[PDB]
Protein chains: 2
Amino acid sequence: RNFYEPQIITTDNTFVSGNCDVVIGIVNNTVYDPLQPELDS
Amino acid sequence: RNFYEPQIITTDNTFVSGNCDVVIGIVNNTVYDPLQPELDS
Ligand SMILES: *[C@@H]1O[C@H](CO)[C@@H](O)[C@H](O)[C@H]1NC(C)=O
Ligand SMILES: *[C@@H]1O[C@H](CO)[C@@H](O)[C@H](O)[C@H]1NC(C)=O
């Protein structure tokens, strides 16, 4: 909040609560998964 | 800070900010890599 330091959205620094219906003003964007699934081939 | 309880350095309990140049007094040590790369068949 108090300093400008942008970061890439990741599934680790954001938690998940419920489905997409109930909230108001929610926007549609993809969320990057952690490095380990990307490392897996 | 308030009690002595040493722990093994791990990539999960430490976050990463930038490269090695800008800080002062930084020392050279190896950080335990996560379990996913270690657990490879
Ligand atoms: C915010 O205000 C604008 C006013 O133009 C409105 O169109 C928009 O629906 C408002 N946002 C939400 C989430 O309702
Ligand atoms: C701490 O002080 C000592 C004094 O001997 C000095 O040599 C050292 O460079 C200082 N630490 C840093 C990070 O500058």
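Residues numbered from 1 in each chain as written, not as in the entry; some residues may be left out. Chains lettered and ligands numbered in written order. Part of a larger assembly, values for the part shown. Heavy atoms only, no water. Residues with missing side-chain atoms left out of burial classes, pairs and counts.

**A closer look at the overall build of chain A**
Part 1: Per the secondary structure count, chain A includes one helix and zero strands.
Part 2: Dimensions of chain A, computed from C-alpha atoms along their principal axes, come out at roughly 35 × 30 × 15 Å. (Helix = DSSP H or I, 4+ residues; strand = E, 2+ residues; numbered from the N terminus.)

**Considering a nonpolar patch on the surface**
Part 1: Together, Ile 8, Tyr 32, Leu 35 and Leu 39 of chain A line one region of the surface with nonpolar side chains, adding up to about 460 Å² of accessible area.
Part 2: Residue placement: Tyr 32 of chain A occurs in the segment before α1 (35-39). (Patch = residues over 30% accessible without salt bridge, like charges linked within 9 Å, V, L, I, M, F, W, Y side chains within 5 Å. Areas by Shrake-Rupley, 256 points an atom, 1.4 Å probe, with all protein chains shown as cover. Salt bridge = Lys/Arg side-chain N within 4 Å of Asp/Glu carboxyl O.)

**Quick word on the environment of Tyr 32 of chain B**
All names here are of chain B.
Part 1: Classification of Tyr 32 by relative accessible area gives partly exposed; the value is 39%.
Part 2: Remark: the alpha-carbon pair of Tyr 32 and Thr 10, spanning 22 residues in sequence, is separated by 4.9 Å.
Part 3: Not counting residues up to four positions away in its chain, the partners in contact with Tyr 32 are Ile 9, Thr 10, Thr 11 and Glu 38.
Part 4: A polar atom in the side chain of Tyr 32 sits 2.9 Å from the side chain of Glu 38. (Buried < 20%, exposed > 50% of the residue type's maximum accessible area, 1.4 Å probe, protein only. Contact = heavy atoms within 4.5 Å. Polar contact = N/O pair within 3.5 Å; in protein donor to acceptor, adjacent residues only side chain to side chain.)

**Description of the environment of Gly 25 of chain B**
Residues and elements named next belong to chain B.
Part 1: Residue placement: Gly 25 occurs in the segment before α1 (35-38).
Part 2: With relative accessibility at 66%, the residue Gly 25 sits in the exposed group.
Part 3: In this structure, the C-alpha to C-alpha distance between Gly 25 and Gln 7, residues 18 residues apart in sequence, is 22 Å.

**What about the side chain of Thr 10 of chain B?**
Part 1: Looking at the secondary structure, you find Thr 10 of chain B in the segment before α1.
Part 2: Not counting the four nearest positions on each side in its chain, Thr 10 of chain B is found in contact with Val 31 and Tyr 32 of chain B.

**Description of the side chain of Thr 10 of chain A**
Part 1: Given the relative accessible area of 12%, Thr 10 of chain A is considered buried.
Part 2: Apart from the residues lying within four places of it in its own chain, the contact partners of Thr 10 of chain A are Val 31, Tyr 32, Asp 33 and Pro 34 of chain A.

**What about the environment of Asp 12 of chain B?**
All names here are of chain B.
Part 1: Looking at where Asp 12 falls in the secondary structure, it is placed in the segment before α1.
Part 2: Residue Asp 12 is classed as exposed on the basis of its relative accessible area of 62%.
Part 3: Distance in space between the C-alpha atoms of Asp 12 and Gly 25 is 23 Å, their sequence separation being 13 residues.

Honestly, it's all geometry; don't read function into it.
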